[PDB]
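Peer 1: when you get a sec, could you give me coordinates for this:
(2 chains)
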Amino acid sequence: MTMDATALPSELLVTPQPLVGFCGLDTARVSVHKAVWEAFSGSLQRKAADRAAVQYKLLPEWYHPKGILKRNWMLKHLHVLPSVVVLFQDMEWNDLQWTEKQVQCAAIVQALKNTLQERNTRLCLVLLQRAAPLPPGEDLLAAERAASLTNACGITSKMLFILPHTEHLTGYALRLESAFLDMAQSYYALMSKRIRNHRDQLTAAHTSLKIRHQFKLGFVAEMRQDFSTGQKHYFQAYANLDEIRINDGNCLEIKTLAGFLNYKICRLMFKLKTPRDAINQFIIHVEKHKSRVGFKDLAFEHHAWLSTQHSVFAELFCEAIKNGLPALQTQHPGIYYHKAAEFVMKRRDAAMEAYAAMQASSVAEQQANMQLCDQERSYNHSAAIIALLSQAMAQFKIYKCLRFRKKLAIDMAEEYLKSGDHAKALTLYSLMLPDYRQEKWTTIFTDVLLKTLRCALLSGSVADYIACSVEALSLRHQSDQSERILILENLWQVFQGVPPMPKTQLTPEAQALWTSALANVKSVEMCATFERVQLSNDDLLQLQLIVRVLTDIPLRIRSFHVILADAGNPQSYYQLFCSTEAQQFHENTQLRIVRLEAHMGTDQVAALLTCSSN
Amino acid sequence: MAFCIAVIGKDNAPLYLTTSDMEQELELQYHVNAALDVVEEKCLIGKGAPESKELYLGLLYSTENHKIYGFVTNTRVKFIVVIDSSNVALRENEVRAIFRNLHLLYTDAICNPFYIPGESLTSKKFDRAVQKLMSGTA
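Peer 2: Numbering: from 1, shown residues only, chains lettered A, B, ... in the order given. There you are, the coordinates:
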């Protein structure tokens, strides 16, 4: 009829490769088969240029398509069914035990040809003539034993191959691979012809079976490296899907199929390096899809799948990087990494909506749809969101794009906020806030500042909390004055260590958590000036440091401190007595204080605001 | 349709106005738009955007249905607007003209000496000229 091409992801993520089989071989031989398999794993030892694509696997109206009709047929074709069958055996040249070799290899090839009769596959046999090498044209018993084979089965002579000694076995394995390339491409072409002949007939114009056929056609082509032909048959299948009706119960499956198709064709793009072509196909179909659905769209569908769309395309971005293309990433390291990240954000928001529509009183299996939601309720951790953010983070960091990755970092911390996970949010914010002050732009600086307020109060890193709060009061004039007053009260509280006021948010658990704090914690702008330095060991300096408050609200005028320095030798507007210098120290030392540390109101500004000298 | 008219100094946003063909942007997109503009400007500057010729950069960024143009003066000043669409009837020669006029108003405000460089574009007369440019484009 019109059955799905496949509902199976995680398929052929690596470059698809042929498979030729090896039978169930016992441990008794596996040791020497080790060497045997070594040559086989030699395909994985050698460079891709030397490496043959094929690998190994083990086993013990109109008429309906055979080999195409179902997606498990596709997959079983992919790896379960080898294009060619090869059974490796040993052949010691002897007299009558070698006749027993004849009978035994006859039995095994009889079983093998029965299996082939099940599944229409070409066969080859490999024999180690473990004896010493001899010239070709010497062993008539080779012909005799081939004839014993043929009367048993009829396998052609040339399909027989020999790997006498390991030092010989290696080269004979290389040419084995070459011959296998031969037969494998032969079988692949034969199946290609099968598909095209199938496609020339319609079972009463079902029109979707042929879609499966052209899909499998692309499979064949990419097996045979004709990437262009197969990718364009894929795209033609996309066109065919377009011709199909939309918005039915199928349209979601249509969208997923087109996702498969976009995946494959974009692979074949970047293999052929047609970048903007891949971009155009990507967009074209994805906005097709956004149009095609207006609802249901429970938005773990067509939104999460949108996320997976950008996920696969990011996969193909990194695939290009492994290939080495710098184009789109000089443009945008991952155009779609963070994009899929915001798509999983909308995923989670839609999940919140799902909970909302659930909070309604919540017969065509809508409960299963609700059960869908329950399934969708599972993928609500949104930690995978955080990880996708991490990949986008690193991906943009690849070309050292600090700003963008930093703002994705504040994204991460915001998400941890949404999840209620204050800790690591606070960590990333702790990194960002000095950065944001370095960007000098106070607006978002303050916005992440109140975010940090929430983060630290929830965490209880009240040292960090108050540091951000105080550099916030520095220039908090963009915010409410009364909240400045409240926060200043919080400042005196924390300096005393007594619980801070924003109990309007606080709940007792984290409250106690930070009550634990500050037992360990150990430690608006004004100006420093000098009337005289570099003295003649007679001068007397004095308070040239103008203590200015740029906060509208005052801080309680408590007290003062000055800290002595040792270079060379050891020795609105509010001003009050300090007599900072009356100690007649030694000459030519400019004691410029690291930080002010006078006791106005409380200890200090601590967060790194102190000037040098005159 | 909405345009955000933004002049950019070294690191801040001196003057950003979030307007539409009907009025200012009622949508609560202010902070998100400002952050996106700043990140795009920083990345492009790190790449090469700092250059001598008055630099045209159309579709140098692409947000959700808002496509960005950056412009560079040899005096190190940047300029941004967006179009509220993946597709809407407009041109790019109009962008050239409007940001040329934006430069003209920029330097005519730079004429105002009370305006020290690197500050918010405070004057409601200048800003109403800017929103008249807005009306010129939306």
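
Peer 1: contacts and neighbour counts: CA atoms only from here.
Peer 2: Will do.

Peer 1: beta partners of residue B:72?
Peer 2: Beta-bridge pairing for residue B:72 (DSSP bridges): residue B:55, residue B:78.

Peer 1: what about it, neighbour count?
Peer 2: 21 (other CA atoms under 10 Å in any protein chain shown).

Peer 1: again with residue A:74
Peer 2: A count of neighbours around residue A:74, defined by other CA under 10 Å, yields 20.

Peer 1: got the CA coordinates for whichever strand or helix holds it in CSV?
Peer 2: For residue A:74, the enclosing helix or strand under DSSP states H and E is helix A:71-75. The C-alpha coordinates for helix A:71-75 follow below in CSV (Å, rounded to 0.1, in the frame of the first residue of the first chain):
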residue,chain,number,x,y,z
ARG,A,71,11.3,-1.5,6.3
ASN,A,72,12.6,-4.5,8.2
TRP,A,73,13.3,-5.9,4.7
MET,A,74,15.3,-2.7,4.1
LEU,A,75,17.3,-3.1,7.3
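
Peer 1: in contact with the residue sitting furthest away from the middle of chain A, which residues?
Peer 2: Taking CA atoms, centre = their mean, the residue of chain A most remote from its mean C-alpha position is residue A:538, at 69.5 Å. By CA atoms under 8 Å, 6 or more residues apart in numbering or on different chains, the contact set of residue A:538 is A:584, A:585, A:586, A:587.

Peer 1: distance check, the first one against residue A:596.
Peer 2: Put plainly, it is residue A:584. Residue A:584 sits 21 Å away from residue A:596, going by CA to CA, to the nearest Å.

Peer 1: likewise for the third one?
Peer 2: Residue A:586 sits 22 Å away from residue A:596, taking CA to CA as the criterion.

Peer 1: neighbour-wise, which of these two wins?
Peer 2: With neighbours defined as other CA under 10 Å, residue A:586 and residue A:596 compare such that residue A:596 has more, 23 against 16.

Peer 1: what parts of chain B come near chain A?
Peer 2: Chain B has residues B:11, B:12, B:13, B:31, B:35, B:39, B:40, B:42, B:43 near chain A, with proximity defined as CA under 8 Å from any CA of the partner chain.

Peer 1: which of those has the most neighbours?
Peer 2: Compared across the residues of chain B next to chain A, residue B:13 has the highest neighbour count, 21 neighbours, by other CA under 10 Å.

Peer 1: now it. Nearest residue, chain neighbours left out?
Peer 2: Using CA to CA, 6 or more residues apart in numbering or on different chains and skipping the chain neighbours, the partner closest in space to residue B:13 is residue B:7 (6.6 Å).

Peer 1: which residues are contacting the one helix or strand residue B:82 maps to?
Peer 2: Per DSSP H and E, residue B:82 falls inside strand B:77-84. By CA under 8 Å, 6+ apart, the list of residues contacting strand B:77-84 from outside reads B:1-10, B:37, B:65-72, B:99.

Peer 1: buried subset of those?
Peer 2: B:2-9, B:37, B:66-72, B:99 (16 or more other CA atoms under 10 Å in any protein chain shown).

Peer 1: look up how far residue A:254 lies from residue A:174.
Peer 2: From residue A:174 over to residue A:254 (counting by CA to CA), the distance is 44 Å.

Peer 1: cool, and residue A:199?
Peer 2: With the distance defined as CA to CA, residue A:199 ends up 20 Å from residue A:254.

Peer 1: which of those two has more neighbours?
Peer 2: Between residue A:199 and residue A:254, counted using other CA under 10 Å, residue A:254 has the larger neighbour count: 22 against 19.

Peer 1: now the strands: where do they sit in chain A?
Peer 2: With DSSP state E as the definition, chain A shows strands at residue ranges A:22-23, A:58-59, A:84-90, A:122-128, A:160-162.

Peer 1: again, but for chain B
Peer 2: When assigned using DSSP E, the strands of chain B occupy the ranges B:2-8, B:15-20, B:55-63, B:66-73, B:77-84.

Peer 1: can you add distance to residue A:146 and give those strands back as TSV?
Peer 2: TSV is the format used below for these (distance: least, CA to CA, whole Å):
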stretch	distance to residue A:146
strand B:2-8	82
strand B:15-20	85
strand B:55-63	69
strand B:66-73	73
strand B:77-84	77
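
Peer 1: of all those strands, which one is nearest residue A:38?
Peer 2: Comparison of the strands of chain B against residue A:38 by CA to CA identifies strand B:55-63 as nearest, at 51.8 Å.

Peer 1: neighbouring contacts of the closest one?
Peer 2: Strand B:55-63 is contacted from outside by B:40, B:49, B:67, B:68, B:69, B:70, B:71, B:72, B:73, using CA under 8 Å, 6+ apart.

Peer 1: excluding chain neighbours, what is closest to the third one?
Peer 2: In space, residue B:67 comes closest to residue B:82 once its chain neighbours are excluded; the distance is 5.0 Å by CA to CA, 6+ apart.

Peer 1: partner residues bridging that neighbour?
Peer 2: As for beta bridges, residue B:82 partners with residue B:68 under DSSP bridges.

Peer 1: and the longest helix along chain A, how far from the chain's centre?
Peer 2: With DSSP state H setting the assignment, residue counts place helix A:166-199 as the longest helix in chain A. Distance, stretch centre to chain centre, for helix A:166-199: 35 Å (CA atoms, centre = their mean, to the nearest Å).

Peer 1: packing partners of that helix?
Peer 2: Packing partners of helix A:166-199 (3 or more CA pairs under 8 Å, 6 or more residues apart in numbering or on different chains; DSSP states H and E): helix A:27-45, strand A:84-90, helix A:209-223.

Peer 1: measure residue A:105 to residue A:90 for me?
Peer 2: Separation of residue A:105 from residue A:90 (CA to CA): 9 Å.

Peer 1: neighbour count: the two, which is higher?
Peer 2: The residue with more neighbours, out of residue A:105 and residue A:90, is residue A:105; 21 against 17, by other CA under 10 Å.

Peer 1: give the contact list for the more buried one.
Peer 2: A:89, A:149.

Peer 1: and for residue A:591?
Peer 2: The neighbourhood of residue A:591, defined by CA under 8 Å, 6+ apart, consists of A:564, A:565, A:566, A:567.

Peer 1: turn those residues into a markdown table, including distance to residue A:213 and neighbour count.
Peer 2: Output for the contacts of residue A:591, formatted as a markdown table (distance: CA to CA, whole Å; neighbours: other CA atoms under 10 Å in any protein chain shown):
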| residue | distance to residue A:213 | neighbour count |
| --- | --- | --- |
| A:564 | 86 | 13 |
| A:565 | 85 | 15 |
| A:566 | 86 | 11 |
| A:567 | 85 | 11 |
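
Peer 1: just curious, which of the residues you listed is nearest to chain B?
Peer 2: When those are compared for distance to chain B, the smallest value, 36.4 Å, is given by residue A:565; criterion: CA to the nearest CA.

Peer 1: I figured the closest one was touching residue A:592, is that so?
Peer 2: Yes. Applying CA atoms under 8 Å, one finds residue A:565 in contact with residue A:592, separated by 7.3 Å.

Peer 1: follow-up on the earlier one: my read is that the residue nearest to residue B:13 contacts residue B:37, right?
Peer 2: No. Contact criterion CA under 8 Å: residue B:7 and residue B:37 do not qualify, at 10.5 Å.

Peer 1: got the residue ranges for the helices in chain B?
Peer 2: Listed from the start of the chain, chain B has helices (DSSP H) covering B:30-47, B:93-110, B:124-137.

Peer 1: now do the last one: everything it contacts.
Peer 2: Residues from elsewhere that reach helix B:124-137, judged by CA under 8 Å, 6+ apart: B:3, B:5, B:19, B:20, B:21, B:94, B:98, B:102, B:105, B:109, B:121.

Peer 1: how about that helix: buried residues?
Peer 2: Neighbour-count burial for helix B:124-137, with 16+ other CA under 10 Å as criterion, is recorded at B:127, B:130, B:131, B:133, B:134.
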